[PDB]
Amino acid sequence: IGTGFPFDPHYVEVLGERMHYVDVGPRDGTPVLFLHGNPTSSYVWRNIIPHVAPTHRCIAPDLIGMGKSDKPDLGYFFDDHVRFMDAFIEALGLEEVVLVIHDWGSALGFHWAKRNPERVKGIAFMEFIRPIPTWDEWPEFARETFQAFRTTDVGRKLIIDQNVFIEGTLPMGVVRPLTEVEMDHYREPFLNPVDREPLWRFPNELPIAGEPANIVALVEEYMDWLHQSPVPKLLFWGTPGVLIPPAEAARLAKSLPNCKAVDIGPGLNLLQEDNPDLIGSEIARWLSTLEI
């Protein structure tokens, strides 16, 4: 699996801040918008995009506060990311899009899709945000960790002072061992502890056991939208997963209309790091079946 990131940097001013993004592939045609989550960046797409860019434009932004994007003094609530992603999509003048989304990137993509349904030609998604009704539906191995994350005192000392979301959660989200070069790429935006606020606010926003109820409600709404939408859907899943265990992937593959599900083999959260070749080639094949 490749550790390089060859893409030329592109930047765009969004709401007064500079955001970075990858932009490759043909300039014509429907673009494919790749949205990463916590605590990654466009780096998480580096081995997927080269499968897609020969036939379709690939756009991969770094979320505000993340990757090579600027670091405004925000709370980095989900609502902050929604505002910046909305403004990024409009700054690039995108019209219709295909989404490829993961983790908090999927909460962004699904929520944008619900509000802009005529502009979404397909959604590929993996290890995505859905409501977790009780802590029992969270993986046992990860339960005490995430309960501690979701506190002001203990959670900030773990995530901000000790950088535990980068040095622990991230490699614990990949089945294979991440290399030192790959870790350094994920570390780069967060070398300064003051810049780690998004790493801590994100898990405090996760819709688990009914809280925070505003996120639970927003996620419920876009899942209800997704269940009733004819949009083409491509779901990647792994064993044992984290957000989407295999029994949930099986349930969704039946319940979501127009859905193809792909078993990538072993995986936790960052499926892209365990089987990028299958995810990228399967996306390129799925795209070639779409009306775009």
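In case it trips you up, residue 1 is the first one in the sequence shown, and so on.
Undergrad: Is the mean CA B factor in the deposited entry higher across 57-65 or across 24-32?
TA: Mean C-alpha B-factor is greater for 24-32.
Undergrad: Quick one: higher average CA temperature factor, 200-208 or 70-78?
TA: Comparing 70-78 with 200-208, the higher average CA B-factor belongs to 70-78.
Undergrad: For the listed residues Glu144, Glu90, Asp184, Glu220, which one has the largest C-alpha B-factor as given in the deposited model?
TA: Of the candidates given, the C-alpha B-factor peaks at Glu90.
Undergrad: Kindly indicate the residue among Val52, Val242, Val231, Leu235 with the greatest C-alpha B-factor in the PDB record.
TA: Reading the PDB entry, the winner on C-alpha B-factor is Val52.
Undergrad: Quick check for you: using the entry's CA B-factors within this chain, is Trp135 in the lowest, middle or highest third?
TA: Within its chain, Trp135 is a highest-third residue by C-alpha B-factor, going by the deposited values.
Undergrad: Of the three thirds of its chain by CA temperature factor, lowest, middle or highest, which one includes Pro117?
TA: It belongs to the highest third of the chain when residues are ordered by C-alpha B-factor.
Undergrad: If you rank every modelled residue in this chain by C-alpha B factor, which third holds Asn258: lowest, middle or highest?
TA: It falls in the middle third of the chain.
Undergrad: Pull the Cα B-factor of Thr179 out of the PDB entry and bin it into the chain's lowest, middle or highest third.
TA: Its C-alpha B-factor, which the entry lists for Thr179, ranks in the highest third among residues of this chain.
Undergrad: Against its chain's modelled residues, does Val14's Cα B factor rank lowest, middle or highest third?
TA: For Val14, the deposited C-alpha B-factor lands in the highest third.
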